[PDB]
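Engineer:
In C-alpha cells form, the structure reads like this:
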C-alpha cells in the first residue's frame, strides 16, 4: 500500500482521449513532369 | 513518481513529577502516525522505574513500550506506531519515594512527535 | 542570529508483504532533507533479510543503507541524507518463504520523515 | 481527550569545514522544542574530535552535548531539549589538521529539527 505509482496522466481516467476527425495525408511532393508533358509537338513528353 | 504523504505534524510535551502512579500524557487520534516518543528524567532519582506505553481512553489496556530504570535518565522508543484505538500514551511509576540526593523534586518530561492521519498527494 | 530553515516536512508510510523482491517505497524530491527512515516487521518471520537503501528512478543504482535480519524486527537508519538524484527509497528481500509460525502473512512497514528543499529566513 | 501541541516545526542545516575552531551552527528561540540534533562527517578525517553543544548568544556558556571521534563519522544527540536561554547550537573542533587520506577537504553537516514554542489546542 501507498508505494510509488510511477503512473502518468496517461493511465489516469477522468480524462477521455479525443481524436481528430480530420486526417492530414503524408503526400506533398509534386514531380515536374506534369509541366513537361503536353499536346504540343515540341514538348519533352 | 507519485505518492500520498502526511503533511501535518504535532509535538505534545507533558510533565509529571516521578512518583508512584499512572499518568495520561499524550492523546492521539485514530490513524495518527507516531514517529517519536522520548522520555526524560530531570533530577537525580534514587530508586524506581518509569514505564511508558499505550492504553485506551477508558478501559484498562495498558502495555509498556519503554522502561527506564534510575541510571540512564533518558530513553526513546525503538519502534514506530500507527494509532489503532490505543489513543492514550501513558506512563506509570511503580517504585518511587521522595526526590533523593537533591532536596528538589524529580521531574519526568515526555515528548511525542506524531503525524496526523490526513494525507495529501504529491508527485516529484 | 539569523538563518534559513526548512519549514515543510512530510511523512511517507508504505507497506510491503515481506517476500523476495524489490519494492519502491518512498519517492523523494531533489534537495529533500531525509531525517528519519524507520523499518518495522509486523509478524513473526522465520528466515530472511530486508535491506533498505537508495536507488534511481530508472537506473540500477541500488545500495543498501539498513539491513534487518529476522530477529530484531525493527530498525532505523543511523545517518541523515540530502537527496542528490537518488530519489527512490527502496527495499529488497532476498530470502523469504511463506509467513512461518503464524499462518498469517508477514508485513513490513517503512516510514520516511523528510523535509522539503524549500527554505525560509528567520531571525530569533 | 484535549491538549495543547506544537504545530510549527523547522529544520536548520549548516555546514562547517572540520578544522580547529568554534562555529555557531543553529539559532533557536526561547521555548523552542529541540527534538533532533544530528551531526555528520562528509569525508575521511585522520585525527580529531567534534563536540556539539549549547552556548549563549554572547557569553561563554559552551557545554558539549555530543562528542564525535574520527571513526564513527556520524552521531545523534540522545536527549531532548527545551531552549532556556541557551539559544546557540555550537560545534567546536579542537584537534584537526588538513583533510587526510583524500586530498579533498572534510565537511561536517549539522541538522537541527526543532518545534517552535507556539502551541494550539486540539481535542481528539
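Chains as they are written, first to last, in the numbering used here: chain R, 1 to 45; chain U, 46 to 169; chain D, 170 to 293; chain G, 294 to 417. We treat Cβ as the ideally placed atom computed from N, Cα and C, and that holds for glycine.
Pick from 344/G, 355/G, 297/G: whose alpha carbon is nearest that of residue 402/G?
Structural biologist: Mapped onto the fourth chain, residue 402/G falls at position 109. Considering only alpha carbons, the answer is 344/G.
Engineer: Quick check on residue 108/U: does DSSP put it in helix, strand or coil?
Structural biologist: The residue you call residue 108/U lines up with position 63 of the second chain. Correct three-state label for residue 108/U: strand.
Engineer: Residue 242/D: which of 142/U, 125/U, 65/U sits nearest, CA to CA?
Structural biologist: On the third chain, position 73 is the one that residue 242/D refers to. Closest by alpha carbon: 125/U.
Engineer: Please confirm if residue 169/U has its CB atom under 8 angstroms from at least one CB of chain B.
Structural biologist: Absent from the structure: chain B. Protein chains present are R, U, D and G.
Engineer: Take residue 324/G as the anchor and find which of 312/G, 387/G, 376/G has the nearest alpha-carbon.
Structural biologist: Numbered from 1 along the fourth chain, position 31 holds the residue referred to as residue 324/G. The residue with the shortest Cα to Cα distance from residue 324/G is 376/G.
Engineer: Listed from N- to C-terminal order along the chain, which residues in the stretch 325-356 of chain G have their beta-carbon within a distance smaller than 7 angstroms of any beta-carbon of chain D?
Structural biologist: Flagged, chain order: 329, 331, 333, 350.
Engineer: Does the stretch 250-270 of chain D touch the stretch 221-229 of chain D, meaning 3 or more C-beta pairs lie closer than 8 angstroms?
Structural biologist: Taking 8 angstroms as the limit for Cβ pairs, the verdict is that the stretch 250-270 of chain D does touch the stretch 221-229 of chain D.
Engineer: Among 52/U, 70/U, 62/U, which has the Cα closest to the Cα of residue 156/U?
Structural biologist: What you label residue 156/U is simply residue 111 of the second chain in a count that begins at 1. Ranking the options by Cα distance to residue 156/U, first place goes to 70/U.
Engineer: Could you check what DSSP says for residue 289/D in three-state terms: helix, strand or coil?
Structural biologist: Taking the first residue of the third chain as position 1, residue 289/D is located at position 120. Residue 289/D falls in the strand class under three-state DSSP.
Engineer: Span of the beta strand (DSSP E) holding residue 223/D?
Structural biologist: Looking up residue 223/D in the third chain gives position 54. Segment 219-224, the beta strand (DSSP E) holding residue 223/D.
Engineer: In whole angstroms, what separates the C-alpha of residue 246/D from that of residue 130/U?
Structural biologist: Your numbering for residue 246/D matches position 77 in the third chain. Your numbering for residue 130/U matches position 85 in the second chain. Roughly 28 angstroms between the two C-alpha positions.
Engineer: Any Cβ of chain U within less than 8 angstroms of the Cβ of residue 386/G?
Structural biologist: As a first step, residue 386/G is located in the fourth chain; it is residue number 93 there, counting from the start. By this cut-off, residue 386/G is not an interface position.
Engineer: Hey, would you say the C-beta of residue 317/G is under 7 angstroms away from at least one heavy atom of the ligand NAP?
Structural biologist: In terms of ligand content, the structure shown is empty, and the ligand NAP therefore cannot be addressed.
Engineer: Please classify residue 178/D: does DSSP put it in a helix, a strand, or coil?
Structural biologist: Residue 178/D sits at position 9 when you count from the first residue of the third chain. Looking at residue 178/D - three-state DSSP - the assignment turns out to be strand.
Engineer: Residues in its own chain within less than 6 angstroms of residue 178/D by CB, not counting five upstream and five downstream?
Structural biologist: Position 9 of the third chain, counted from the start, is the residue given in the question as residue 178/D. Here the set comprises 284.
Engineer: Could you check the C-alpha separation between residue 92/U and residue 141/U for me, to the nearest Å?
Structural biologist: As a working note, residue 92/U is residue 47 in the second chain. As a working note, residue 141/U is residue 96 in the second chain. Approximately 6 angstroms between the Cα atoms of the pair.
Engineer: Around the Cβ of residue 90/U, are there at least 16 other Cβ atoms within 10 angstroms (buried) or fewer (exposed)?
Structural biologist: Here residue 90/U is taken as the residue at index 45 of the second chain, counted from 1. Counting Cβ neighbours within 10 Å, residue 90/U comes out buried, since at least 16 surround it.
Engineer: Could you spell out where the alpha helix (DSSP H) holding residue 33/R opens and where it closes?
Structural biologist: What you label residue 33/R is simply residue 33 of the first chain in a count that begins at 1. Note, residue 33/R: alpha helix (DSSP H), 33-36.
Engineer: Nearest to residue 166/U by CA position, among 290/D, 197/D, 207/D, is which residue?
Structural biologist: Reading the second chain from its first residue, position 121 is the one you call residue 166/U. Nearest C-alpha to residue 166/U: 197/D.
Engineer: Of all the residues that make up the stretch 255-279 of chain D, which are near chain R by a beta-carbon distance shorter than 8 angstroms?
Structural biologist: Going along the stretch 255-279 of chain D in chain order, one finds 257 with a Cβ nearer than 8 angstroms to chain R.
Engineer: Might you give, ordered along the chain, the residues of its own chain that have their beta carbon closer than 7 angstroms to the beta carbon of residue 312/G, omitting 5 neighbours on each side?
Structural biologist: Start at 1 with the first residue of the fourth chain, and residue 312/G comes out as number 19. So the qualifying residues of the chain are 386, 389.
Engineer: For residue 15/R, count neighbouring Cβ atoms within 10 angstroms of its own Cβ and tell me buried if that reaches 16, exposed if not.
Structural biologist: The sequence position of residue 15/R within the first chain is 15, counting from 1. Residue 15/R should be labelled exposed.
Engineer: For a contact meaning CB atoms closer than 9 angstroms, what does residue 49/U contact in chain R?
Structural biologist: Within the second chain, the letter at position 4 stands for residue 49/U. Going along chain R in sequence order, the residues near residue 49/U (Cβ under 9 angstroms) are 2.
Engineer: Is the CB of residue 123/U under 8 angstroms away from at least one CB in chain D?
Structural biologist: Taking the first residue of the second chain as 1, we reach residue 123/U at position 78. Yes, residue 123/U lies at the interface with chain D (some Cβ there is under 8 angstroms from its Cβ).
Engineer: Could you spell out the range, first to last residue, of the beta strand (DSSP E) harbouring residue 158/U?
Structural biologist: Translated into positions along the second chain, residue 158/U becomes position 113. Element bounds for residue 158/U: 152-160.
Engineer: So, helix, strand or coil for residue 83/U, using DSSP?
Structural biologist: Working through the second chain from its first residue, we reach residue 83/U at position 38. Note: residue 83/U maps to strand in three-state DSSP.
Engineer: Using alpha carbons as the reference points, say which of 143/U, 105/U, 85/U, 102/U lies closest to residue 111/U.
Structural biologist: Stepping through the second chain from its first residue, residue 111/U is reached at position 66. Out of 143/U, 105/U, 85/U, 102/U, 85/U has the C-alpha closest to the C-alpha of residue 111/U.
Engineer: Around the C-beta of residue 56/U, are 16 or more other C-beta atoms found within 10 angstroms, so that it is buried, or is it exposed?
Structural biologist: In the second chain, residue 56/U corresponds to position 11, counting from 1. The residue is buried, with at least 16 neighbouring Cβ atoms inside 10 Å.
Engineer: Below 8 angstroms between beta carbons: does that hold for residue 102/U and residue 294/G?
Structural biologist: Working through the second chain from its first residue, we reach residue 102/U at position 57. Working through the fourth chain from its first residue, we reach residue 294/G at position 1. Yes, Cβ-Cβ distance for residue 102/U and residue 294/G is below 8 angstroms.
Engineer: Buried or exposed: which applies to residue 78/U, given that a residue is buried once 16 or more other Cβ atoms fall within 10 Å of its Cβ?
Structural biologist: Residue 78/U sits at position 33 when you count from the first residue of the second chain. With 16 or more other Cβ atoms within 10 Å, it is buried.
Engineer: For a contact meaning CB atoms closer than 7 angstroms, what does residue 119/U contact in chain G?
Structural biologist: To locate residue 119/U, count along the second chain from 1; it is residue 74. Within chain G, the residues near residue 119/U are 371, 372.
Engineer: Thinking C-beta only, is residue 335/G closer than 8 angstroms to residue 412/G?
Structural biologist: One-based indexing of the fourth chain puts residue 412/G at position 119. One-based indexing of the fourth chain puts residue 335/G at position 42. Taking 8 angstroms as the Cβ cut-off, residue 412/G and residue 335/G do not qualify as a contacting pair.
Engineer: Give, in chain order, every residue of the stretch 180-192 of chain D whose Cβ lies closer than 9 angstroms to some Cβ of chain R.
Structural biologist: Listed by position along the chain: 181, 182, 183, 184, 185, 192.
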